[PDB]
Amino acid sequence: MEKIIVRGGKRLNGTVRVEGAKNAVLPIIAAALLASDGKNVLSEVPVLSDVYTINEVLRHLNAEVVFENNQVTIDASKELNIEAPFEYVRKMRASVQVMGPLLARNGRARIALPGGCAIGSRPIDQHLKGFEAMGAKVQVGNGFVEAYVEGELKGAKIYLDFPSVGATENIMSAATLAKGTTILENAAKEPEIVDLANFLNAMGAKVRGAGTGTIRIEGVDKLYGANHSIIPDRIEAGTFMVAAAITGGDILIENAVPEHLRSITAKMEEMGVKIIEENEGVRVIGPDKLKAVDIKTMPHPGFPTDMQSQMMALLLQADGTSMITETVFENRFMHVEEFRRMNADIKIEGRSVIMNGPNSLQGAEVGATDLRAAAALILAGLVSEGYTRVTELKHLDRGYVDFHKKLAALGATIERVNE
């Protein structure tokens, strides 16, 4: 199997350029299905496995998708199909994101219910709650959730029990073509939501409030193809901020958007890390001694759950007790064991992990449990004695393009073998 081999205690110094946001492009590509004429041209699209999966789903739904030089040209002018099979949904959970758009285009959708996940149960209840409110009738059969609307989608007043990113994307996307105005209260405020909103409006929608807890969508007759550029990946940028801080280096993330990284920056500053908001992006200088802080993941603008595992690697080198309490995804600690393989002193209790640094991490053969954990294990290896060997790279490839190459360009002793 293909794996990444990491070593040394080299300081990472240089510049890195983040890719387009994974968590924004996926729902955006899905939203392209709303354009009944003519073509959407998405720019800054990263060559991630998930992008390939979402593109195939779209082709399966009878849409032409051409992906070249970080650009996805989508044509959804012909009538679309309604079924998104289980083979795609098990591979990529985000495939459910096509439900809203399909439901808005044809008045019905049939999506395979998601399978067990390592990150933790991420149900779609909230998505269905939204569609039922807009006049959709939901039933389940043969592993699929069927949704069909009587007449057409109605704009409705909807309340999310919790600010689900996925639910907000589907409900917001579906509302663009519904009759009347839809009021989505307690919506996801994540930066990716704002970019999806800007995309919907670009196609000809009337979405207001993206970024706030109350999104208002006034439905229109039809949407059109637009030219949109996907925002930088703040999580990828975050991962690099940790690389600098964990090795005590100087990394310039040229295209990082300070505005989408405040929570991360604030926390790293509490640890003694220095962060300069340059003219272009963001520069991160790491200190020789990190201070221990507590992290509590929460819905944006709170600290992002997608940085949880990465921060864990960083805290293991911090002087003092540190804990991360996860309030979004429990159990998102399947990677704890892998850190223990590397001599980490970690304790899992309830929805929190407790670590004491500074540890003396020992390189070992470890396996990526999931996307973000893969980056974390690799990060851990940058400061652990001996050679760290991370397997199950199919997870890394879902959210990071040429990760080992960027780290090598920063001076890391890294390589990708069986390549």
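Residue indices: 1-based, along the sequence shown.
Comparing the deposited coordinates for 292 to 300 and 329 to 337, the stretch with the larger average C-alpha B-factor is 329 to 337. As the entry records it, the average C-alpha temperature factor is higher for 206 to 214, out of 206 to 214 and 165 to 173. Set against one another, the Cα B-factors of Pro232, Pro101, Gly143, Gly115 in the record reach their highest point at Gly115. The residue among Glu278, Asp306, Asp195, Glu236 whose C-alpha carries the highest B-factor in the deposited model is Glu278. Per the deposited record, the Cα B-factor of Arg59 falls in the middle third when ranked against the other modelled residues of its chain. Sort the chain's modelled residues by C-alpha temperature factor and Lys222 lands in the highest third, per the entry. Sort the modelled residues of the chain by CA B factor and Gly363 lands in the middle third. In this PDB entry, the Cα temperature factor of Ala412 sits in the bottom third of its chain's modelled residues, the lowest group. Split the chain's modelled residues into thirds by C-alpha temperature factor. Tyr159 is in the middle one.
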